[PDB]
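Below are the chains, spelled out letter by letter.
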Amino acid sequence: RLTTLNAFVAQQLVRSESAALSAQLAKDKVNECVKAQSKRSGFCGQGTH
Amino acid sequence: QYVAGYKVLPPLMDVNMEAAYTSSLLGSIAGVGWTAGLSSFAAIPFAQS
Amino acid sequence: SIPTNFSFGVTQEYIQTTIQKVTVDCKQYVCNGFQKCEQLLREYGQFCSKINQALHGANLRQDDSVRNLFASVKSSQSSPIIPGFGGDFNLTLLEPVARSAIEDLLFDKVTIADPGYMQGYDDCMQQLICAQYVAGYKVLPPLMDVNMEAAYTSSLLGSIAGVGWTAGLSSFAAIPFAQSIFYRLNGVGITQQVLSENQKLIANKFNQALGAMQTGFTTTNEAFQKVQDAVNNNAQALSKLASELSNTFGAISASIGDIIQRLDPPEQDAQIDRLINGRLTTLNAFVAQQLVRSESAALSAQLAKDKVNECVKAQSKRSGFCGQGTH
Amino acid sequence: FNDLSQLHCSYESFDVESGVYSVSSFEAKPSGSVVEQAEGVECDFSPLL
Amino acid sequence: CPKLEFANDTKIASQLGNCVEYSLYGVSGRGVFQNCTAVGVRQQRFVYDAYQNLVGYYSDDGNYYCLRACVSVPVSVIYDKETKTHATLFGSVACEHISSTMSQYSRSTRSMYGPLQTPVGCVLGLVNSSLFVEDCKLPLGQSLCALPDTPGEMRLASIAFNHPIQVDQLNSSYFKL
Amino acid sequence: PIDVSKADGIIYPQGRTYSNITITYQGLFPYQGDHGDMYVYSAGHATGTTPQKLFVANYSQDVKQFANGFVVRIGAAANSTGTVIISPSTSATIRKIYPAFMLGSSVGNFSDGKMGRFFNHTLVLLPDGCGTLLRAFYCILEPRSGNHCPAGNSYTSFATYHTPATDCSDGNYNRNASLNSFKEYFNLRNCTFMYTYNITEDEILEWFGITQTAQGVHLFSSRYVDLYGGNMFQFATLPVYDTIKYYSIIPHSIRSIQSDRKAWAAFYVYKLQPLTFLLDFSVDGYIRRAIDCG
Ligand SMILES: *[C@@H]1O[C@H](CO)[C@@H](O[C@@H]2O[C@H](CO)[C@@H](O[C@@H]3O[C@H](CO[C@H]4O[C@H](CO)[C@@H](O)[C@H](O)[C@@H]4O)[C@@H](O)[C@H](O[C@H]4O[C@H](CO)[C@@H](O)[C@H](O)[C@@H]4O)[C@@H]3O)[C@H](O)[C@H]2NC(C)=O)[C@H](O)[C@H]1NC(C)=O
Ligand SMILES: *[C@@H]1O[C@H](CO)[C@@H](O[C@@H]2O[C@H](CO)[C@@H](O)[C@H](O)[C@H]2NC(C)=O)[C@H](O)[C@H]1NC(C)=O
Ligand SMILES: *[C@@H]1O[C@H](CO)[C@@H](O[C@@H]2O[C@H](CO)[C@@H](O)[C@H](O)[C@H]2NC(C)=O)[C@H](O)[C@H]1NC(C)=O
Ligand SMILES: *[C@@H]1O[C@H](CO[C@@H]2O[C@@H](C)[C@@H](O)[C@@H](O)[C@@H]2O)[C@@H](O)[C@H](O)[C@H]1NC(C)=O
Ligand SMILES: *[C@@H]1O[C@H](CO[C@@H]2O[C@@H](C)[C@@H](O)[C@@H](O)[C@@H]2O)[C@@H](O)[C@H](O)[C@H]1NC(C)=O
Ligand SMILES: *[C@@H]1O[C@H](CO)[C@@H](O)[C@H](O)[C@H]1NC(C)=O
Ligand SMILES: *[C@@H]1O[C@H](CO)[C@@H](O)[C@H](O)[C@H]1NC(C)=O
Ligand SMILES: *[C@@H]1O[C@H](CO)[C@@H](O)[C@H](O)[C@H]1NC(C)=O
Ligand SMILES: *[C@@H]1O[C@H](CO)[C@@H](O)[C@H](O)[C@H]1NC(C)=O
């Protein structure tokens, strides 16, 4: 049971770090091409955003 | 939620907080994205935006 | 809706670019210098070799990350920094006096133990500082001496007034800082008349805004908390190695010498073998943790390079990319 | 024979790349021993003798 | 525990400040003793840290002494390809240890050479140089680098700073572009 | 109730001390804030200068399991004054006292059927001579068959009669008067470790601890090592033969005079069980703060 719990802790920390980095990317997207009209090609929308 | 032993924590924000935030963003995106600089708010009707 | 009053908001950010370079002699830690222990370790063989490979590769890759970040951040042309820099704006707390004063206060207010770079051997003869050899593991110094960082920061501070006046980095425009901040504040939607008539009030606002963070170093600072968390992460990573010798992994003692001077040889062979297995498992887990931390440090170093290349040498127009409000 | 022999056998080859490499730290020889703590009272062997 | 004859071999003051293998009546280990102020409970006679490691001992002869470990030299090597050249570094330690008290396998010879003191410790196999290198390929530590030749030797140079192109700042209304 | 944060009654580690560190440690402790097992010592009846028939409780009729030993705080009273226990109309200055413990492994009934008779060897810890004497012996007792005697008629309990007017004079100390009081009710044989402990007397609260392990019966005290503090410390390991199952106390009374009855401190008893405690070891090695887990 302790080995199972330790593996659960490891995968939980990995998933939490991945989710935090993806949330930082989401914050960048929402203050980049949501509050304003971007000109970057395909950064957040296929075709001309 | 009890029989295994883990407790699923409640989310940090309410559904109503999510609704208020999304409403504020949907109100802002009509006006902000016409002239750069985030000091002034520019609530133009959506068609002219 | 249009604002009337305004201030200069200060935002403190921390990016961890590189964790502390650490290596450990495998059989020195695991065996602790006993001959029958070493003979009982030789059948595993290449395990120490492969963990040395992993640590050396991680250290060299972090060296490449440090060199890349500190070579890309180097400005092509800069200006010397003297007392009286910036004119009416009192940014002299960022003037070097070598190390800057804000870095002196930052290093003062965080718990740092130097790993005895001069006489750590003597610091164990007559004084973590001494526990680096109790289990036995090296702590490598960083890739460049503190004066190199001082030169890089001084060059970038001398060039930050001059790079951002025209697109393209071929020219250099080392303007006095007053006209620099006048044009930078004019470009973000301020008419030239009000800045031309109200230099003194905005200068005083700038001075109090910069002076507000001098006493601000406490728990309330997010970046100071992240600095403490990174230093504590390094400390607990070293303490994980420094504390596993107490564990026996089912043995009757924590000392290999006590085992070799205490027990019947055939049973102490099994005891030593279980010690070998436990210590090697701990080292393998530490290798995996070091690799994960190295990956995170490399990604954060890339992000730091992008951030210092976008909204330091130039005035970024992205809303809140690296600073809340209009940067 | 020497540290370079161990470094060659660590890479399982006769050719290694240049650079800095951690090698087995040696240990200084002990200079003696100390044997003293609270004793000086002899155990009872008179009914045995 | 048993007893032996002492005279002056097993006294703490006799072997003070040296690496000795202590056997204190059921406490066996190795370390260096040193004079310290009396800390802890006198009667228990054994002070420990949070890691169950002995910190010091209350002497019957005198009082509390500290003991840390039998600290010795950690060794790193630098080796160059295509030129069979190598040198040894002893980190964070002054040029104070020589070939007398060795362990492990053996050590190599360079040529027959003073031990160079450096901010990263004491280095054998190097020579001083008033040279500056901005493109170092063997990052030794801090701002120190190893430079080869093209049977030469191994040089120790300082990792310099690529000084940027300086420009002058004006206090007038004109500008230096 | 014991406040572990106030550092009241915490057994020290038996062989190793520490310094200035907050460390978790697996030891033997009582539970937090236990209200104890109050037994009080009161003087007997007195008319003028005549010590009359004594005045004691029913402590001897009840027995408890030894479990993992117990601690006793002494002078939980501390310099004070209070009402005379036998005569509530009078109040006197409280003076500390030490209790006597009867320790064994077998129970039975007395001649009259009163429960409390012990077979075989028993360990008796008897204080004597104004508290300066600490006799202790794992020896054999037999009852006596006289008047008010344990194997005889008109018997309710056995106690200690103590005349400080004849015992607590300067010097002399009546040459173990309380052991002769002990011999007034019992007969004593097959003895083991007679042990003497010269101590001084004061009015400062202290601690005694008793347990048994494979070494033997372990006795702990504050007195020798920590007078002015309150920390607990090993001092004796008596070589007992058998593991202890059961214990009781010996009631004590005082043959004082009527006009000069003196108040006596009531000790507290707390049982011991293994727990894990976080201890804040100070610089000097003493314990001044500790917290629990259970
Ligand atoms: C009932 O009656 C007796 C009779 O006097 C009282 O005894 C006195 O007890 C107090 C309490 O200890 C003595 O006061 C002194 O306190 C000093 C403070 O110690 C600090 O540091 C220690 C160590 O960490 C802590 O444990 C402690 O809590 C304090 O934080 C001590 O330094 C004193 O020890 C010194 O005493 C004298 C000088 O006072 C020296 O000659 C000694 O060598 C020693 O260094 C002492 O503990 C007081 O001294 C006692 N009186 C006498 C005459 O000795 C009882 O306290 C009283 N009961 C009460 C009042 O409740
Ligand atoms: C410029 O800023 C620096 C940094 O705060 C000032 O130096 C300190 O200022 C405080 C009060 O503002 C004084 O109490 C300290 O004694 C100053 N330090 C030293 C070493 O003197 C400096 O005064 C500021 N200068 C101006 C003109 O505003
Ligand atoms: C015992 O440990 C404490 C905890 O660190 C030490 O207290 C620190 O002492 C230094 C020096 O006076 C202060 O700068 C710190 O602020 C203190 N820390 C705290 C949390 O108060 C104490 O010095 C140690 N005692 C000894 C003798 O070393
Ligand atoms: C240690 O030596 C003491 C003599 O004075 C000391 O001098 C130096 C070495 C410092 O340690 C300083 O703090 C002292 O004042 C003796 O008084 C002391 O007993 C010695 N310690 C022992 C024998 O354990
Ligand atoms: C190697 O040379 C370094 C250069 O420093 C300068 O030159 C020497 C001769 C000294 O005068 C020194 O004070 C100067 O700053 C020295 O720093 C270094 O110590 C030299 N190496 C040794 C082993 O002496
Ligand atoms: C702006 O704010 C400052 C302090 O926050 C105040 O002293 C000043 O009077 C304000 N000015 C205006 C025009 O509101
Ligand atoms: C213990 O007591 C019982 C009951 O009186 C008796 O039968 C037995 O012989 C005693 N044993 C010893 C060793 O005293
Ligand atoms: C010791 O015990 C035995 C058994 O009960 C008894 O016969 C003997 O008299 C005792 N010894 C003494 C000195 O009383
Ligand atoms: C106890 O004190 C008395 C009085 O002087 C002395 O004769 C005796 O030897 C002492 N005993 C011990 C064990 O110290």
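Residues numbered from 1 in each chain as written, not as in the entry; some residues may be left out. Chains lettered and ligands numbered in written order. Part of a larger assembly, values for the part shown. Heavy atoms only, no water.

Method of determination for the deposited model, per the PDB record: cryo-EM, at 4.39 Å resolution.

Visitor: Where do I start with the overall build of chain B in this structure?
Guide: Each helix and strand in chain B was counted, giving 1 helix and 0 strands. Oriented by its inertia axes, the alpha-carbon framework of chain B measures out at about 55 × 20 × 10 Å. Every one of the 49 residues in chain B was classed for burial, and the buried ones make up 8%. Carbon together with sulfur atoms contributes 66% to the accessible area of chain B, which is approximately 4400 Å² in total. (Helix = DSSP H or I, 4+ residues; strand = E, 2+ residues; numbered from the N terminus. Buried < 20%, exposed > 50% of the residue type's maximum accessible area, 1.4 Å probe, protein only. Areas by Shrake-Rupley, 256 points an atom, 1.4 Å probe, with all protein chains shown as cover.)

Visitor: How do you make sense of the overall build of chain F when you look at a structure like this?
Guide: A tally of helices and strands in chain F yields 2 helices and 21 strands. Compactness check: chain F gives a C-alpha radius of gyration of 20 Å against a globular reference of 19 Å for 294 residues, within 12% of the reference. By principal-axis analysis of the C-alpha atoms, chain F measures approximately 60 × 40 × 35 Å. Accessible area for chain F stands at about 13700 Å²; split by element, carbon and sulfur atoms hold 54% of it. (Rg over C-alpha atoms; globule rule 2.2 N^0.38 Å.)

Visitor: Help me understand the arrangement of the chains, please; the structure alone is not making it clear to me.
Guide: Counting contacts across all 7 pairs of chains found in contact, the highest total belongs to chains D and E. With respect to C-alpha atoms, chain B approaches chain D no nearer than 45 Å, and the pair has no contact. (Contact = heavy atoms within 4.5 Å.)

Visitor: Just checking my understanding: could you explain the packing of aromatic side chains for this structure?
Guide: In this description, an aromatic ring pair is defined by two values, namely the gap between the centres and the angle between the planes. Overall, the coordinates contain 42 aromatic pairs over all chains when judged by the stated rule. Judged by centre distance (5.7 Å) and plane angle (90 degrees), the rings of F110 of chain F and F158 of chain F are edge-to-face. With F110 of chain F in the loop between β9 (108-109) and β10 (115-117) and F158 of chain F in the loop between β12 (133-143) and α1 (164-167), this residue pair connects regions lying 48 residues apart in the sequence. Ring geometry for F158 of chain F versus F186 of chain F: centroids 4.6 Å apart, planes at 75 degrees, classification edge-to-face. In this pair, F158 of chain F sits in the loop between β12 and α1 while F186 of chain F sits in strand β13 (residues 186-189), placing the two residues 28 residues apart along the sequence. For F186 of chain F, a relative accessible area of 5% puts it in the buried group. By way of ring pairs, the aromatic residues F6, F8, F85, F89, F177 and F206 of chain C are connected into one cluster. Between the NZ or CZ atom of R40 of chain A and the centre of the ring of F43 of chain A, over which it lies, the distance is 3.7 Å. (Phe/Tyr/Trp six-rings, centres within 6.5 Å; stacked < 30°, edge-to-face > 60°. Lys NZ or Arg CZ within 6 Å of the ring centre and 35° of its normal.)

Visitor: For this particular structure, what's the right way to read the site of ligand 2?
Guide: Residues and elements named next belong to chain C. Around ligand 2, the structure places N90, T92, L93 and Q214. Here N90 contributes a side-chain N or O atom positioned 2.4 Å from an oxygen atom of ligand 2. Measuring from an oxygen atom of ligand 2, one finds a side-chain N or O atom of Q214 at 2.7 Å. Considered on its own, ligand 2 offers 580 Å² of accessible surface; in the complex 23% of this is hidden by protein. A breakdown of the residues in the shell around ligand 2 according to their chemical character gives 1 nonpolar, 3 polar and no charged. (Near = heavy atom within 4 Å. Polar contact = N/O pair within 3.5 Å; in protein donor to acceptor, adjacent residues only side chain to side chain. Nonpolar A, V, L, I, M, F, W, Y, C, P; charged D, E, K, R; others polar.)

Visitor: Could you clarify how one ought to interpret unusual backbone geometry in this entry?
Guide: A negative phi angle characterises most non-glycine residues, just as the trans form characterises most peptide bonds. Positioned with a positive phi, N32 of chain C is a non-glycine residue whose angle comes to about 55 degrees. Tracing the chain through its elements places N32 of chain C in the loop between α1 (26-31) and α2 (35-41). Given the relative accessible area of 19%, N32 of chain C is considered buried. A positive phi angle is found at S92 of chain E, which is not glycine, with a value near 60 degrees. Tracing the chain through its elements places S92 of chain E in the loop between β7 (85-90) and β8 (116-118).

Visitor: Looking at this model, I keep getting lost on the interface of chain C and chain A. Mind explaining?
Guide: Note on interface size: it is often stated as the accessible area lost on association of the parts. On the chain A side, the residues contacting the 5 residues of chain C number 4 residues. In total, about 420 Å² of surface goes out of reach between chain C and chain A, with carbon and sulfur atoms giving 43% of it. Summed over the three residues of chain C that lose the most area to chain A, namely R318, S319 and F321 of chain C, the buried surface amounts to 66% of that side. Applying the counting criterion to the chain C and chain A interface returns 0 salt bridges. Where chain C packs against chain A, one counts 2 residue pairs in polar contact. (Buried area = accessible area lost by both parts, 1.4 Å probe. Salt bridge = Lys/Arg side-chain N within 4 Å of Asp/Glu carboxyl O.)

Visitor: I keep staring at the packing of helix α10 (residues 222-243) of chain C against helix α12 (residues 265-310) of chain C and nothing clicks. Help me out?
Guide: The description of two helices packed together rests on the angle between their axes and the distance between the axes. Residues and elements named next belong to chain C. Put simply, α10 and α12 touch, their axes get as near as 11 Å, and they point 165 degrees apart. Taken as axis vectors, α10 and α12 run roughly antiparallel relative to one another. As α10 runs across α12, the sense of the crossing is left-handed. Here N233, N234, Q236, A237 and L241 of α10 lie close against α12, whose contacting residues are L283, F286, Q289 and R293. (Axes fitted to C-alpha atoms, helices over the stretch in contact; angles between N-to-C directions. Parallel < 35°, antiparallel > 145°, perpendicular 65-115°, else oblique. Left-handed = near helix turned anticlockwise from the far one by under 90°.)

Visitor: Is there a simple way to explain the sheet that holds strand β13 (residues 155-159) of chain E in this structure?
Guide: Hydrogen bonds between backbone groups are what pair the strands of a sheet, and the pairing can be parallel or antiparallel. Residues and elements named next belong to chain E. Strand order in the open sheet made by the 4 strands is β10-β13-β12-β11, with mixed pairing throughout. For this open sheet the edge positions go to β10 (132-133) and β11 (139-141), each flanked by a neighbour on one side alone. Pairing of strand β12 (residues 144-147) with β13 involves 4 bridges; the strand directions are antiparallel. Along β13, the bridge assignment pairs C145 with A157. (Pairing = 2+ DSSP bridges.)

Visitor: Can you help me understand the sheet that holds strand β5 (residues 70-74) of chain F in this one?
Guide: Residues and elements named next belong to chain F. Taken in spatial order, the 5 strands of this open sheet run β16-β15-β14-β5-β19, and their pairing is antiparallel. Edge positions in the open sheet fall to β16 (234-238) and β19 (268-271), since each of these has one partner strand only. For this sheet, the mean angle separating the axes of adjacent strands, direction not counted, is 20 degrees.

Visitor: Where do I start with the interface of chain E and chain D in this structure?
Guide: Counting residues at the interface gives 46 residues for chain E and 29 residues for chain D. Across the chain E to chain D interface the summed buried area is about 3700 Å²; carbon plus sulfur atoms make up 56%. Among the residues of chain E in contact with chain D, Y25, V77 and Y79 of chain E are the three that bury the most area, contributing 18% of the side total. Taken together, the links from chain E to chain D amount to 2 salt bridges.

Visitor: How do you make sense of the packing of helix α3 (residues 46-72) of chain C against α12 of chain C when you look at a structure like this?
Guide: All names here are of chain C. Their axes nearest at 10 Å, the elements α3 and α12 cross at an angle of 10 degrees. Regarding the angle of α3 to α12, the classification is roughly parallel. Of the residues in α12, those touching α3 at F47, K50, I51, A54, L55, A58, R61, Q62, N68, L69 and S72 are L280, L283, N284, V287, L291, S294, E295, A297, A301, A304, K305 and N309. When the residues that make up the contact of α3 with α12 are grouped by side-chain class, the tally is 13 nonpolar, 6 polar and 4 charged.

Visitor: When you look at the state of the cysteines in this model, what are you seeing that I'm missing?
Guide: Disulfide: a covalent bond formed between the sulfur atoms of two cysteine residues. Here the structure, examined in full by the defined rule, presents 11 disulfides over all chains. There is a disulfide in this structure between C33 of chain A and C44 of chain A, and the S-S distance comes to 2.0 Å. One end of the pair, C33 of chain A, is in the segment after α1 (2-30); the other, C44 of chain A, is in the segment after α1, with 11 residues separating them in the sequence. The exposure class of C44 of chain A is partly exposed, given its relative accessible area of 28%. Paired by a disulfide, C311 of chain C and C322 of chain C hold their sulfur atoms 2.0 Å apart. One end of the pair, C311 of chain C, is in the segment after α12; the other, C322 of chain C, is in the segment after α12, with 11 residues separating them in the sequence. Judged by relative accessible area, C311 of chain C falls into the buried class, the value being 10%. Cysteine pairing in chain F follows 1-3, 2-4, where each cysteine in a disulfide is numbered by its order in the sequence. The closest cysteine sulfur to the non-disulfide-bonded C9 of chain D is located on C48 of chain C, 14 Å from its own sulfur. (Disulfide = S-S within 2.5 Å.)

Visitor: When you look at the nonpolar core in this model, what are you seeing that I'm missing?
Guide: Considering soluble globular proteins, one finds that nonpolar side chains tend to be buried as a cluster. One finds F70, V72, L219 and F267 of chain F to be the most contacted residues of the largest nonpolar core, which totals 30 residues. Sort the elements by how many residues they give to this core and β5 of chain F lands first, with 3 residues. In this structure, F70 of chain F is in contact with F101, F208, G209, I210, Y247, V269, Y270, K271 and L272 of chain F, ignoring residues within four places of it in sequence. Formed by 29 residues, the second largest nonpolar core is a distinct cluster that contains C37, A242, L283 and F286 of chain C. (Core = buried A, V, L, I, M, F, W, Y, C linked by side-chain atoms within 4.5 Å.)

Visitor: Looking at this structure, I do not really get the environment of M38 of chain F. What am I missing?
Guide: Residues and elements named next belong to chain F. Inspection of the secondary structure assignment puts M38 in the loop between β1 (21-29) and β2 (46-47). Note: C-alpha distance between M38 and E142 (104 residues apart in sequence) is 28 Å. The contacts of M38, once residues within four sequence positions are left out, are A266, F267 and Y268.

Visitor: Help me out: how do you make sense of the pattern of salt bridges in this one?
Guide: In a structure, side chains of opposite charge can pair up when their charged atoms sit close to one another. Summed over all chains, the structure comprises 20 salt bridges over all chains. Between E295 of chain C and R61 of chain C there is a salt bridge; the shortest N-O distance is 2.8 Å. What makes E295 of chain C partly exposed here is its relative accessible area of 44%. Linking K81 of chain E and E17 of chain D is a salt bridge whose minimum nitrogen-to-oxygen distance equals 3.3 Å. One end of the pair, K81 of chain E, is in the loop between β6 (75-80) and β7; the other, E17 of chain D, is in the loop between α1 (3-10) and β1 (19-22), on a second chain. Residue classification places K81 of chain E among the partly exposed positions, given a relative accessible area of 24%.

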